[PDB]
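Visitor: Dropping a structure here in structure tokens format, bear with me for questions.
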Ligand code: HEM
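Residue numbers (full-length UniProt numbering): 1 to 154.
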């Protein structure tokens, strides 16, 4: 699948708002993932001791990780589909070291959409949400193809 330039622009125009405060958006997204799908937290040896939303909010280390995650995703989105070089290292680490199934990438995609929908109704109406969903679907499809090449069922 291939996004139109107009779809990419809807993606990039909400991402511009995320970038006013990537750390706060990152916290909201990972906390939403862990609350909606608690089994995902068990993939993180670094964070799985955290018991409550309050502890997650107070973790400086989690905040930092969420900045790394959203900046990596932002760099992918800014390539507007030309993201082979960015996906190689990410797919390798997430297949072989972290062992993240495609279903869990679906769950984080849901969390991203939920937070953007809550925080950004001015830039995240129906057409914009559709564009973001298409971008995240493209990302997951390309990662799933890389996962297979790398030897991981996903
Ligand atoms: C939008 C999707 C995602 C992006 C962009 C992303 C990005 C990253 C980045 C940039 C790193 C650090 C470098 C590396 O190891 O590759 C990382 C680490 C990691 N990711 Fe992801 N990630 C995503 C989804 C997920 C999901 C859904 C899980 C678990 C359910 C996960 C689990 C991990 C783990 C366990 C680490 C290592 C954390 C640590 O011990 O330092 N990732 N991720």
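For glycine and all other residues, C-beta sits at the position ideal for the given N, C-alpha and C.
State the CB to CB distance for the pair residue 138 and residue 1, rounded to an integer number of angstroms; the pair is presumed to be in contact (CB under 8 Å).
Guide: Against the chain shown, residue 138 aligns to sequence position 138. Against the chain shown, residue 1 aligns to sequence position 1. That pair is a contact at about 6 Å.
Visitor: Determine contact between the segment 31-47 and the segment 108-123, defined as no fewer than three beta-carbon pairs at a distance below 8 Å.
Guide: Touching, yes.
Visitor: Going by C-alpha distance, which of 119, 61, 148 is nearest residue 183?
Guide: What is shown of the chain runs 1 to 154, which leaves residue 183 out entirely.
Visitor: One question on the structure: do residue 23 and residue 69 come within less than 8 Å of each other, judged by their Cβ atoms?
Guide: In the chain shown, residue 23 corresponds to position 23, counting from 1. In the chain shown, residue 69 corresponds to position 69, counting from 1. Going by C-beta atoms, residue 23 is not nearer than 8 Å to residue 69.
Visitor: Tell me the rounded alpha-carbon separation between residue 162 and residue 29.
Guide: As displayed, the chain neither begins before 1 nor continues past 154, which places residue 162 out of reach and without an answer.
Visitor: Around the C-beta of residue 54, are 16 or more other C-beta atoms found within 10 angstroms, so that it is buried, or is it exposed?
Guide: Here the question's residue 54 lines up with position 54 in the chain shown. By the neighbour-count rule (16 or more Cβ atoms within 10 Å), residue 54 is not buried but exposed.
Visitor: Drop a sphere of 10 angstroms on the beta-carbon of residue 128, count the other beta-carbons inside from all chains shown, and report buried for 16 or more, exposed for fewer.
Guide: In the chain shown, residue 128 corresponds to position 128, counting from 1. With 16 or more Cβ atoms within 10 Å of its Cβ, residue 128 is classed as buried.
Visitor: Expressed to the nearest angstrom, what Euclidean distance is found between the alpha-carbon atoms of residue 154 and residue 81?
Guide: On the chain shown, position 154 is the one that residue 154 refers to. On the chain shown, position 81 is the one that residue 81 refers to. Answer to the nearest angstrom: the Cα atoms are 21 Å apart.
Visitor: If you measure from the CB of residue 72, is any heavy atom of the ligand HEM nearer than 7 Å?
Guide: The residue labelled residue 72 in the question sits at position 72 within the chain shown. Yes, the beta carbon of residue 72 sits closer than 7 Å to at least one heavy atom of the ligand HEM.
Visitor: Assuming residue 74 contacts residue 15 under a Cβ cut-off of 8 Å, what Cβ separation, rounded to an integer in Å, is found between them?
Guide: Position 74 of the chain shown, counted from the first residue, corresponds to residue 74. Position 15 of the chain shown, counted from the first residue, corresponds to residue 15. Their Cβ separation, rounded to whole angstroms, is 6 Å, which keeps residue 74 and residue 15 in contact under 8 Å.
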